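Listed below, chain by chain, are the residues.
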Amino acid sequence: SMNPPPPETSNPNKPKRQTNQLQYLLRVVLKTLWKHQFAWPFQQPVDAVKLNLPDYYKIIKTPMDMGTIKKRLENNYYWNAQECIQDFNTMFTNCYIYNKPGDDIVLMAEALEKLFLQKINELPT
Amino acid sequence: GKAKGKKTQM
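Below you will find a few notes about this structure. (Residues numbered from 1 in each chain as written, not as in the entry; some residues may be left out. Chains lettered and ligands numbered in written order. Heavy atoms only, no water. Residues with missing side-chain atoms left out of burial classes, pairs and counts.)

**Concerning helix 5 (residues 81-98) of chain A**
All names here are of chain A.
Line of reasoning, step 1. Taking 1.5 Å per residue, 18 residues should reach 26 Å; helix 5 reaches 26 Å between its end C-alpha atoms and fits that length.
Line of reasoning, step 2. Looking at helix 5, one finds that the buried residues are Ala 81, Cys 84, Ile 85, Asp 87, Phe 88, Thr 90, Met 91, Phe 92, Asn 94, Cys 95 and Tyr 98.
Line of reasoning, step 3. Contacts made by the buried residues of helix 5 are with helix 1 (20-34), helix 3 (56-59), helix 4 (66-74) and helix 6 (104-120).
Line of reasoning, step 4. Capping the start of helix 5, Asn 80 holds a side-chain oxygen 3.0 Å from the backbone nitrogen of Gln 82, two or three residues further along. (Helix = DSSP H or I, 4+ residues; strand = E, 2+ residues; numbered from the N terminus. Expected span 1.5 Å × (residues − 1). Buried < 20%, exposed > 50% of the residue type's maximum accessible area, 1.4 Å probe, protein only. Contact = heavy atoms within 4.5 Å. Polar contact = N/O pair within 3.5 Å; in protein donor to acceptor, adjacent residues only side chain to side chain.)

Following this line, the structure appears as structure tokens:
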């Protein structure tokens, strides 16, 4: 495929280690966002070939999506919660730098981001 | 780059 390979989602030799914050990120934050009615454009990598977006991956240096984040959480890929939070932030940034302000997708991202940030403001210690 | 398609129902 002419799309980039998807981001890595498992680390073969990394120990399995939970934290309160990582449990929250999976079981509260990702759970809530995945089921939101506006989640679907964000549930998988952007398929720029299928969407005929030849400049998407020129504009977006660090692709990220909730499908990747979900797998990373399930596979205990993240060493800490901040890494996961950064991936969410990157996902939203990508949407806002590529898509025109006021496009449907942007309003959808804004609703998801608001919900995300409301949950992060209640992150455990 | 090119706009994405229609995504919500108004």
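**With respect to empty space enclosed by the protein**
Line of reasoning, step 1. Taken as a whole, the largest cavity encloses approximately 120 Å³ of empty space.
Line of reasoning, step 2. Along its surface, the largest cavity is lined by 14 residues, and A:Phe42, A:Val46, A:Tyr56, A:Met64 and B:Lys4 are the ones closest to its centre.
Line of reasoning, step 3. Ranked by residues supplied to the lining of the largest cavity, first place goes to helix 5 of chain A with 4 residues. (1 Å grid on protein atoms, 1.4 Å probe; cavity = no way out; pocket = protein on both sides within 12 Å on 5 of 7 lines; lining within 4 Å. Points joined across faces, edges and corners; volume = space filled by probe spheres on them.)

**Re the pattern of salt bridges**
All names here are of chain A.
Line of reasoning, step 1. Under the counting rule described, the total for this entry stands at 3 salt bridges over all chains.
Line of reasoning, step 2. Of the charged contacts, one joins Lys 58 and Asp 55 as a salt bridge, the two residues approaching to 2.9 Å between their closest N and O atoms.
Line of reasoning, step 3. One salt bridge in this structure joins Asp 87 and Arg 72, with 2.8 Å as the shortest N-O distance. In this pair, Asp 87 sits in helix 5 while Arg 72 sits in helix 4, placing the two residues 15 residues apart along the sequence. (Salt bridge = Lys/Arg side-chain N within 4 Å of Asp/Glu carboxyl O.)

**Concerning the environment of A:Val106**
Residue and element names in this part refer to chain A.
Line of reasoning, step 1. Within the element layout of this structure, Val 106 appears in helix 6.
Line of reasoning, step 2. Overall, the relative accessible area of 5% leaves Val 106 in the buried class.
Line of reasoning, step 3. Taking C-alpha positions, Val 106 is 25 Å from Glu 122, a pair spaced 16 residues apart along the chain.
Line of reasoning, step 4. Look past the residues within four positions of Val 106 in its chain and what remains in contact with it is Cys 95, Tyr 96, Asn 99 and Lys 100.

**Describing the layout of surface pockets**
All names here are of chain A.
Line of reasoning, step 1. For the largest pocket, the calculated volume is near 160 Å³.
Line of reasoning, step 2. If you go around the largest pocket, you meet 13 residues; those closest to its centre are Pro 4, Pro 6, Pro 45, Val 46 and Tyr 57.
Line of reasoning, step 3. Of the residues in the lining of the largest pocket, the class split is 10 nonpolar, 1 polar and 2 charged. (Nonpolar A, V, L, I, M, F, W, Y, C, P; charged D, E, K, R; others polar.)

**Description of unusual backbone geometry**
All names here are of chain A.
Line of reasoning, step 1. Here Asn 52, not a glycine, exhibits a phi torsion of approximately 55 degrees, which is positive.
Line of reasoning, step 2. Following the sequence through the fold, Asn 52 ends up in the loop between helix 2 (48-51) and helix 3.
Line of reasoning, step 3. The residue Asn 76 is not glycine, and still its phi comes out positive at about 55 degrees.
Line of reasoning, step 4. Tracing the backbone through its elements, the reader meets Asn 76 in the loop between helix 4 and helix 5.

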